[PDB]
Structures are given as structure tokens and as C-alpha cells.
Amino acid sequence: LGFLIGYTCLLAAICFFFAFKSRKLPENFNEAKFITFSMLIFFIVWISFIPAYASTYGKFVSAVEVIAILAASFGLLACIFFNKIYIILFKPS
Amino acid sequence: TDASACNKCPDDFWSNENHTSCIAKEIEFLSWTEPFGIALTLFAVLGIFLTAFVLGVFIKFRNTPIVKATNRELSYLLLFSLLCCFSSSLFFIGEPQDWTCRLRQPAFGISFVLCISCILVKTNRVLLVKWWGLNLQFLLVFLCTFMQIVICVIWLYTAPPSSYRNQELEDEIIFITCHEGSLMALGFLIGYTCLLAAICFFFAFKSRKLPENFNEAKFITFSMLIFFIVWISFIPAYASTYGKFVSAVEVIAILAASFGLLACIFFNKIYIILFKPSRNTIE
Ligand SMILES: CC(C)CCC[C@@H](C)[C@H]1CC[C@H]2[C@@H]3CC=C4C[C@@H](O)CC[C@]4(C)[C@H]3CC[C@]12C
Ligand SMILES: C[C@@H](NCCCc1cccc(C(F)(F)F)c1)c1cccc2ccccc12
Ligand SMILES: C[C@@H](NCCCc1cccc(C(F)(F)F)c1)c1cccc2ccccc12
Ligand SMILES: *[C@@H]1O[C@H](CO)[C@@H](O)[C@H](O)[C@H]1NC(C)=O
């Protein structure tokens with residue numbers, strides 16, 4: 001499980017690097033803000049739950065995982081696709 | 001030898017494994033020399049070191065007019081506030097003595113207000129939206145800070161925090177925590193800080209596209225969003241921990257908020273002042 005977590009964290013860091021390197025692309029092709037904010041949301045949510053995962057081991061040890069998953073993946077969705085959906089529907093160009 | 005009835009062990013004491021003698025319960029609490037504590041205080045001191053290095057950079061290149069466009073004098077106050085905010089994290093990791101519990105939250109609160117209000121006042125387009133010219137921004141930020149100082153002082157005078165020694169969670173382990181007394185004053189403190197941060201976020205949200213000193217108003221927005229993310233994810237992370245790892249989560253949130261405020265907002269200037277694009281600064 002530790003290696004399974006570490007590989008995902010490493011790919012998240014590589015995602016950070018790719019977002020930083022893709023900073024200068026035109027507006028439609030530049031998603032550096034959204035990628036970096038998604039990765040920040042994922043990392044912040046999962047790091048903040050470290051004491052909870054390391055201390056509680058009852059019913060809350062799985063509720064913590066559920067809320068952390070539903071926060072990280074929802075942050076991914078909101079950061080990546082929500083702005084594009086808004087710019088397509090609410091403010092067409 | 002011949003006991004008609006075993007007598008209960010006294011307070012702060014517990015029976016041995018074989019119920020022969022009595023031993024004392026344990027003073028479980030977050031401290032240093034722990035796999036969790038040492039890394040955390042290492043991160044705190046690293047934050048202090050980075051903040052001091054950035055302050056030294058701003059002092060060294062103090063005459064270059066890259067920094068002169070954003071109230072250079074106020075930047076030192078911001079950096080000192082960041083020092084104090086980082087240092088306030090070390091209060092949650094120590095022994096929960098009497099004085100620590102009375103000050104751990106107020107210290108970080110005054111630090112963060114002296115930080116966010118200073119950022120909000122820093123906006124050169126809002127200073128002018130005869131006591132001006134020599135000190136105008138300082139008084140405006142000082143009123144906002146002073147409001148928080150007085151609410152802190154009324155909370156510290158009316159219902160001072162106390163170092164609650166709690167042993168109901170574990171019968172054999174004593175947990176040294178901190179009690180606040182009146183939670184409504186702490187709620188008012190947190191609400192006022194959040195309102196000030198939201199005001200800063202709103203004021204920075206309208207100037208995203210203006211490249212005022214390297215698109216600073218966009219990174220105000222980024223830092224405020226990071227702060228709100230951190231303190232909205234701290235809510236479920238806090239009301240889940242039971243034990244020594246409860247003063248280790250608010251301190252993690254403090255470190256995250258301080259990092260988001262410092263790096264996002266100053267590294268723009270730092271990566272141009274001293275890095276390879278050194279000959280990219282201009283008036
Ligand atoms: C230092 C690490 C550990 C955390 C801090 C975040 C770093 C990686 C990020 C936050 C915002 C980023 C900056 C965003 C925009 C630009 C403008 C560009 O013209 C030079 C790089 C620069 C200035 C980036 C450098 C990297 C940066 C400072
Ligand atoms: C859902 C989760 N299962 C164990 C959580 C351990 C954990 C608890 C608290 C904090 C952290 C972390 F921050 F260190 F990641 C991990 C999981 C499963 C599979 C892959 C994952 C990749 C990243 C994160 C979680 C992953
Ligand atoms: C550090 C953090 N409070 C710590 C205790 C949390 C708590 C513990 C127990 C009860 C409650 C609550 F019920 F009041 F919410 C909260 C804090 C301190 C100061 C200013 C702040 C401003 C913004 C964000 C956080 C701030
Ligand atoms: C039982 O209690 C403790 C074990 O934790 C031990 O120190 C003590 O000597 C024991 N008493 C006996 C074996 O009589």
C-alpha cells in the first residue's frame with residue numbers, strides 16, 4: 001500500500017512539473033492553473049487527513065477515506081472540466 | 001497477602017499487569033522526539049528559514065524599484081507577520097502548559113490578521129479608492145489588526161483558556177489538552193479572520209488580468225484560494241482525530257496556509273530578483 005501511494009504521489013509531482021512547463025501556451029491550450037490547483041487540492045486533502053488515518057481506527061477510519069476520495073476526485077473534476085463547461089455553456093465564444 | 005477486597009488505585013495511577021502494585025497512567029501528548037513531531041517541527045523551521053531568506057533578499061535588493069511599486073516598507077511588516085505566523089505553529093507541538101493554551105490560538109490569529117490585512121492594504125490601487133503621505137497604509141492595517149487584538153483581549157480576560165487534563169477518552173492514559181472556555185469568542189475570532197480573508201479574495205478577484213508588478217493581484221487570489229481550501233479541508237480532518245494527533249492537524253493547516261501565502265505571493269519577485277532573469281527587473 002505504501003508503494004501504491006508513493007507511485008501516485010510521484011505521478012502527481014510529475015503532473016505539477018508538466019503544468020509548470022506548459023505555462024506559456026496560448027489560453028485555450030494552457031491549463032497550468034487548473035492542473036496545479038487540482039493537484040494541490042488532492043495533496044492538501046490527503047495530507048490533512050494523515051493524523052486522522054494514523055490515530056482513529058474505528059468507524060471513522062473508513063469514513064475518512066470516503067470523504068478524502070470524494071474530495072480529491074471532485075477537486076480533479078472541478079479544476080479540470082468545470083471551467084471549460086462554463087466557458088462553453090454560460091459564455092459561448 | 002490475605003486481602004478481603006482489592007482497593008481501587010488512586011487518581012493518576014493504574015494497576016500493574018498482575019494487579020499487584022500501582023503504576024501511574026501515561027502523559028500522552030504531542031511533543032518533539034517523535035516520528036510525527038520531528039518532521040513537523042522540521043517543516044516549521046524550514047518555513048521560518050525560507051521566510052527569513054526572502055526577507056534578506058528583499059533587504060539586499062531594497063533599492064531596486066521592482067519592490068518599490070508595492071509599498072516596500074509594508075512588505076517588511078508582511079514578512080515579520082509571516083515569521084510570527086510560522087512561529088505560532090510551535091505552540092501546538094509543545095507541552096500543553098497553562099500559558100501555551102491561553103496563547104496558541106490568539107498568537108496565530110494576530111499573526112494571520114497582521115498578514116492578510118497587510119496584503120489587502122498593500123494594493124496600490126486601493127490606497128486611494130492631512131494624515132497621509134508619511135503613514136497612511138499603516139494606520140489602515142493597524143485598525144483592522146486592532147479589532148482582532150481587542151476581541152482577543154476580551155476573550156483572554158473574560159474566559160481565559162485552561163490546560164484541561166482529560167482522562168475520559170482512555171482509562172489508562174491521561175491526555176493533556178487545552179480548554180478554551182467560551183467557544184463563541186473563538187468562533188467570532190475565526191469568523192472575523194475568514195471575513196477579512198474573503199474580503200481580500202474578492203478585492204483581488206477583480207484585478208486578475210491587470211499585470212500590476214508581475215500579475216501580483218492574480219497570486220493574491222491564488223494564495224487566498226489555497227488558504228480557503230486548507231481551512232475548509234481542516235474541518236473534517238479535525239473532527240475525526242481523537243488523541244495526541246489533534247494538535248498535529250491544526251498545525252498542519254497553519255503550515256499549509258502560511259506556505260500558500262508566502263511562496264505564491266513572494267516567489268514571483270524572488271525568481272526575478274536573484275535568479276537567472278536578474279537582468280529582467282526594470283522600473
Ligand atoms: C518552491 C516550491 C517548493 C513551492 C512554491 C510554488 C512554485 C513551484 C510556483 C508557485 C507559482 C509559480 C510561478 C508562477 C509564474 C511564473 C512566471 C514566470 O515568468 C516565471 C516562473 C513563475 C514565477 C513561477 C515559478 C514557480 C512558482 C513560484
Ligand atoms: C484511498 C487510499 N487508500 C489508503 C489511504 C492511505 C492514506 C491516508 C492518509 C493520507 C495518505 C497520503 F496523503 F499519504 F496519500 C494516504 C488510496 C488508495 C490508493 C491510492 C492512493 C493514492 C493516494 C492517496 C490515497 C490512496
Ligand atoms: C488554528 C485555528 N483554530 C484551532 C482550533 C480549532 C477549533 C477547535 C475546537 C473548536 C473549534 C470551533 F468550534 F470553534 F470551530 C475550532 C484558528 C485559530 C485562530 C484563527 C483562525 C482563523 C482561521 C482559521 C483557523 C484559525
Ligand atoms: C506483576 O506486575 C508487574 C507486571 O507488569 C511486575 O512488575 C510485577 O513484579 C508482577 N508481580 C508478580 C509477578 O508477582
# chains A, B, ... in the order shown; residues from 1 in each chain; ligands from 1
$ select_by_dssp --residues "chain A" --states "alpha helix (DSSP H)" --output "PyMOL selection string"
chain A and resi 2-21+32-48+50-55+60-77+83-89
$ interface_residues --of "chain A" --to "chain B" --cutoff "12 Å" --atoms "only C-alpha atoms" --output "NGL selection string"
:A and (33-34 or 36-68 or 70-72 or 75)
$ write_last_selection --atoms "N, CA and C atoms" --output "tab-separated table (two decimals), in the first residue's frame"
chain	number	residue	atom	x	y	z
A	33	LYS	N	-3.08	26.35	-14.51
A	33	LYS	CA	-3.71	26.77	-13.27
A	33	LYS	C	-4.57	25.72	-12.77
A	34	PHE	N	-5.37	25.15	-13.63
A	34	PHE	CA	-6.31	24.11	-13.24
A	34	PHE	C	-5.62	22.82	-12.83
A	36	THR	N	-2.51	22.51	-11.66
A	36	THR	CA	-1.79	22.72	-10.41
A	36	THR	C	-2.76	22.85	-9.24
A	37	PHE	N	-3.93	23.45	-9.46
A	37	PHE	CA	-4.90	23.57	-8.38
A	37	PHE	C	-5.53	22.22	-8.06
A	38	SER	N	-5.77	21.39	-9.07
A	38	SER	CA	-6.28	20.05	-8.81
A	38	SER	C	-5.29	19.24	-7.99
A	39	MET	N	-4.01	19.29	-8.38
A	39	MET	CA	-3.00	18.54	-7.64
A	39	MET	C	-2.85	19.08	-6.23
A	40	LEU	N	-2.93	20.40	-6.07
A	40	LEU	CA	-2.88	21.00	-4.74
A	40	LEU	C	-4.05	20.55	-3.89
A	41	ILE	N	-5.26	20.51	-4.46
A	41	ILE	CA	-6.42	20.06	-3.70
A	41	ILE	C	-6.24	18.63	-3.25
A	42	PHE	N	-5.80	17.76	-4.17
A	42	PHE	CA	-5.59	16.36	-3.83
A	42	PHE	C	-4.57	16.21	-2.71
A	43	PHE	N	-3.42	16.87	-2.85
A	43	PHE	CA	-2.36	16.74	-1.86
A	43	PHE	C	-2.77	17.32	-0.52
A	44	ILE	N	-3.41	18.49	-0.51
A	44	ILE	CA	-3.82	19.12	0.74
A	44	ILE	C	-4.84	18.25	1.46
A	45	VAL	N	-5.85	17.77	0.73
A	45	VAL	CA	-6.89	16.96	1.35
A	45	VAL	C	-6.29	15.69	1.94
A	46	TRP	N	-5.41	15.02	1.20
A	46	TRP	CA	-4.89	13.76	1.70
A	46	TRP	C	-3.87	13.95	2.82
A	47	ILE	N	-3.08	15.03	2.77
A	47	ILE	CA	-2.10	15.27	3.82
A	47	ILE	C	-2.78	15.68	5.12
A	48	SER	N	-3.83	16.50	5.02
A	48	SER	CA	-4.54	16.93	6.22
A	48	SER	C	-5.18	15.77	6.96
A	49	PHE	N	-5.47	14.67	6.27
A	49	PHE	CA	-6.09	13.51	6.88
A	49	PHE	C	-5.08	12.51	7.43
A	50	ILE	N	-3.78	12.84	7.39
A	50	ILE	CA	-2.77	11.92	7.91
A	50	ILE	C	-2.95	11.65	9.40
A	51	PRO	N	-3.11	12.65	10.28
A	51	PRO	CA	-3.34	12.32	11.70
A	51	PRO	C	-4.61	11.51	11.92
A	52	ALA	N	-5.67	11.79	11.17
A	52	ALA	CA	-6.90	11.02	11.31
A	52	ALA	C	-6.68	9.56	10.94
A	53	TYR	N	-5.98	9.31	9.84
A	53	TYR	CA	-5.70	7.94	9.43
A	53	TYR	C	-4.76	7.24	10.40
A	54	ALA	N	-3.83	7.98	10.99
A	54	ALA	CA	-2.85	7.37	11.89
A	54	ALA	C	-3.34	7.25	13.33
A	55	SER	N	-4.47	7.87	13.68
A	55	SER	CA	-4.95	7.84	15.06
A	55	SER	C	-6.23	7.02	15.21
A	56	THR	N	-7.27	7.35	14.45
A	56	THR	CA	-8.52	6.62	14.58
A	56	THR	C	-8.48	5.33	13.76
A	57	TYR	N	-9.13	4.29	14.28
A	57	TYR	CA	-9.18	3.01	13.58
A	57	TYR	C	-10.54	2.33	13.71
A	58	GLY	N	-11.58	3.08	14.06
A	58	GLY	CA	-12.91	2.50	14.18
A	58	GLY	C	-13.76	2.73	12.96
A	59	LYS	N	-14.98	3.24	13.16
A	59	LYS	CA	-15.85	3.53	12.03
A	59	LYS	C	-15.33	4.70	11.22
A	60	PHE	N	-14.58	5.60	11.85
A	60	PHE	CA	-14.10	6.80	11.18
A	60	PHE	C	-12.92	6.54	10.26
A	61	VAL	N	-12.21	5.42	10.43
A	61	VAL	CA	-11.05	5.15	9.59
A	61	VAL	C	-11.44	4.90	8.14
A	62	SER	N	-12.70	4.53	7.89
A	62	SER	CA	-13.20	4.37	6.53
A	62	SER	C	-13.99	5.57	6.05
A	63	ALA	N	-14.70	6.25	6.96
A	63	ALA	CA	-15.37	7.49	6.59
A	63	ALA	C	-14.35	8.54	6.15
A	64	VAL	N	-13.19	8.58	6.81
A	64	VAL	CA	-12.12	9.49	6.41
A	64	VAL	C	-11.68	9.20	4.99
A	65	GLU	N	-11.48	7.92	4.66
A	65	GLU	CA	-11.08	7.56	3.31
A	65	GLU	C	-12.15	7.95	2.30
A	66	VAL	N	-13.42	7.74	2.66
A	66	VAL	CA	-14.51	8.07	1.74
A	66	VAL	C	-14.53	9.57	1.45
A	67	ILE	N	-14.46	10.40	2.50
A	67	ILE	CA	-14.55	11.84	2.28
A	67	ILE	C	-13.31	12.33	1.54
A	68	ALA	N	-12.14	11.77	1.86
A	68	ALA	CA	-10.92	12.18	1.17
A	68	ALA	C	-10.97	11.83	-0.31
A	70	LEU	N	-13.80	11.40	-2.15
A	70	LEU	CA	-14.83	12.24	-2.74
A	70	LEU	C	-14.41	13.70	-2.79
A	71	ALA	N	-13.37	14.08	-2.05
A	71	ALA	CA	-12.84	15.43	-2.15
A	71	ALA	C	-11.76	15.54	-3.21
A	72	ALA	N	-10.82	14.58	-3.25
A	72	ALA	CA	-9.74	14.64	-4.22
A	72	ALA	C	-10.27	14.51	-5.65
A	75	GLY	N	-12.34	17.50	-6.62
A	75	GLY	CA	-11.47	18.62	-6.94
A	75	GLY	C	-10.84	18.47	-8.31
$ closest_residue --among "B:190, B:272, B:115, B:257" --to "ligand 3" --atoms "only C-alpha atoms and all ligand atoms"
B:190
$ closest_atom_pairs --of "chain B" --to "ligand 1" --cutoff "6 Å" --atoms "only C-alpha atoms and all ligand atoms" --output "Markdown table"
| residue | atom | partner | partner_atom_place_in_ligand_line | distance |
| --- | --- | --- | --- | --- |
| B:263 | CA | ligand 1 | 5 (C) | 4.9 |
| B:264 | CA | ligand 1 | 10 (C) | 4.9 |
| B:267 | CA | ligand 1 | 28 (C) | 4.8 |
| B:268 | CA | ligand 1 | 23 (C) | 4.2 |
| B:271 | CA | ligand 1 | 23 (C) | 5.8 |
$ closest_atom_pairs --of "chain B" --to "ligand 3" --cutoff "6 Å" --atoms "only C-alpha atoms and all ligand atoms" --output "JSON lines"
{"residue": "B:105", "atom": "CA", "partner": "ligand 3", "partner_atom_place_in_ligand_line": "18 (C)", "distance": 4.7}
{"residue": "B:108", "atom": "CA", "partner": "ligand 3", "partner_atom_place_in_ligand_line": "19 (C)", "distance": 5.9}
{"residue": "B:109", "atom": "CA", "partner": "ligand 3", "partner_atom_place_in_ligand_line": "20 (C)", "distance": 4.3}
{"residue": "B:183", "atom": "CA", "partner": "ligand 3", "partner_atom_place_in_ligand_line": "14 (F)", "distance": 5.6}
{"residue": "B:186", "atom": "CA", "partner": "ligand 3", "partner_atom_place_in_ligand_line": "14 (F)", "distance": 5.5}
{"residue": "B:187", "atom": "CA", "partner": "ligand 3", "partner_atom_place_in_ligand_line": "14 (F)", "distance": 4.6}
{"residue": "B:189", "atom": "CA", "partner": "ligand 3", "partner_atom_place_in_ligand_line": "20 (C)", "distance": 5.9}
{"residue": "B:190", "atom": "CA", "partner": "ligand 3", "partner_atom_place_in_ligand_line": "22 (C)", "distance": 4.1}
{"residue": "B:193", "atom": "CA", "partner": "ligand 3", "partner_atom_place_in_ligand_line": "22 (C)", "distance": 5.1}
{"residue": "B:194", "atom": "CA", "partner": "ligand 3", "partner_atom_place_in_ligand_line": "23 (C)", "distance": 5.7}
{"residue": "B:231", "atom": "CA", "partner": "ligand 3", "partner_atom_place_in_ligand_line": "24 (C)", "distance": 5.8}
{"residue": "B:250", "atom": "CA", "partner": "ligand 3", "partner_atom_place_in_ligand_line": "1 (C)", "distance": 5.2}
$ write_last_selection --atoms "C-alpha atoms" --output "PDB file, in the first residue's frame"
ATOM      1  CA  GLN B 105      -4.759  30.360  19.103  1.00  0.00           C
ATOM      2  CA  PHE B 108      -1.676  32.634  15.280  1.00  0.00           C
ATOM      3  CA  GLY B 109      -4.810  34.758  14.905  1.00  0.00           C
ATOM      4  CA  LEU B 183     -16.195  28.764  22.274  1.00  0.00           C
ATOM      5  CA  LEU B 186     -13.141  31.694  19.287  1.00  0.00           C
ATOM      6  CA  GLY B 187     -15.897  31.305  16.705  1.00  0.00           C
ATOM      7  CA  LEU B 189     -12.272  35.188  16.001  1.00  0.00           C
ATOM      8  CA  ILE B 190     -12.299  32.583  13.224  1.00  0.00           C
ATOM      9  CA  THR B 193     -10.391  36.219  10.129  1.00  0.00           C
ATOM     10  CA  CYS B 194     -12.341  34.379   7.425  1.00  0.00           C
ATOM     11  CA  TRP B 231      -9.153  25.685   6.226  1.00  0.00           C
ATOM     12  CA  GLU B 250      -4.392  22.482  13.104  1.00  0.00           C
TER      13      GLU B 250
END
$ residues_near_ligand --ligand "ligand 4" --cutoff "6 Å" --atoms "only C-alpha atoms and all ligand atoms" --output "list in words"
residues 16, 17, 18 and 20 of chain B
$ write_last_selection --atoms "C-alpha atoms" --output "compact mmCIF listing (two decimals), in the first residue's frame"
# COMPACT_ATOMS: atom_id res chain seq x y z
CA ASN B 16 0.04 -3.25 37.15
CA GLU B 17 -0.28 -6.12 34.69
CA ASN B 18 -0.67 -8.64 37.53
CA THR B 20 -0.01 -6.39 42.39
$ atom_distance --atom1 "CA of residue 204 (chain B)" --atom2 "CA of residue 192 (chain B)"
18.3 Å
$ residues_around --residues "region 133-137 of chain B" --least-positions-apart "5" --cutoff "12 Å" --atoms "only C-alpha atoms" --output "PyMOL selection string"
chain B and resi 70-75+77+117-124+126-128+142-144
